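As a starting point, one isolated chain is supplied in structure tokens, in the form deposited in one PDB entry.
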């Protein structure tokens, strides 16, 4: 049992902002698909593809009813009749009730809790409220289990118990497995740094220095500032980690993956196999 939580910039982490729109009740349910087609032809809502246009509602006895999202409200969100909003003969409004104002999510939700707030106002798309599919969650669990095994080998040898795996998501092929190898003689061999060197040494003659372009990293606990920024320089595409680290730079103390003033950004999800990972060592 585990759950992947996006790690977003503080800007993207807050409540979704709302805009005003006009909806109308569908009084004749058998007109729904005709009205949906005619109304959305007139008002495609290009800037808001996340919004479902039909809002179902269930009464205290299980009777299904619907409201239809007509259009965004203008600069003067006054009461409006069907005759004012819907041009004819482009729309035959028969079957609709009187329009009413409703706040709707301005932007798609990204976190599961943003999807909860958003859903309360008007149905929204989202990537069920699942972030990753069953097939996906199973793949992610496999790679992290490999990272955990690497961290456990490290611990058995007396090395810092941190493990990491680099995956090419095109082929779901593992390109590097590594654990912390730091020693008195070589103190900077954190799991992530070992893995970046391994990916580098397997690349061909016509490679750019952005060793991690397009790849996923799974690491048992959240990277330190050195490893995190190394992933920015190497241009990792997504990082999955299990448990945070006290000085971590992908969620805890910094969010170097989600900055506007750095020339590379990437997605970070925390919590994958967290109960296993939480007992391993933090980074550094």
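Residue numbers count along the first chain shown, from 1. For the two forms, the rigid core is made up of the largest set of C-alpha atoms that agree within 1.5 Å on superposition.
- Where coordinates are absent for parts of the deposited sequence, a chain break appears; between neighbours residue 127 and residue 128 it spans 4 to 9 residues.
- Relative to one another, 188-196 and 137-145 have unequal mean CA B-factors, and 137-145 is the one with the higher figure.
- In this entry, 271-279 has the higher mean Cα B-factor, the comparison being between 21-29 and 271-279.
- Within the group 220, 252, 57, 237, the record's highest C-alpha temperature factor is found at 57.
- Taking the deposited Cα B-factors for 98, 152, 183, 171, the highest one is held by 171.
- In the deposited entry, the Cα temperature factor of residue 245 sits in the bottom third of values across the chain's modelled residues.
- Ranked by Cα temperature factor within the chain, residue 88 sits in the highest third according to the deposited record.
- When the modelled residues of the chain are ordered by C-alpha B-factor, residue 163 sits in the lowest third.
- For residue 120, the recorded CA B-factor ranks within the highest third of the chain. Only modelled residues enter the ranking.
- When the modelled residues of the chain are ordered by C-alpha B-factor, residue 102 sits in the lowest third.
Below: the form deposited in another entry, not depicted.
- Just one of the listed positions, 34, 259, 238, 233, moves its Cα by at least 2 Å between this form and the one not shown when the rigid core is held fixed, and it is 34.
- Comparing the forms between this form and the one not shown, the C-alpha position of residue 121 differs by 2 angstroms or more, with the core used for superposition.
- In this overlay on the rigid core, residue 83 has a C-alpha that sits 2 Å or more away from its partner position between this form and the one not shown.
- The two forms, fitted on the rigid core, differ between this form and the one not shown by 2 Å or more at the CA of residue 17.
- Annotation: residue 107/residue 270 CA-CA distance shorter in the other form than in the displayed model, change of at least 3 Å.
- Distance between the C-alpha atoms of residue 275 and residue 114: longer in the other form than here (change of 3 Å or more).
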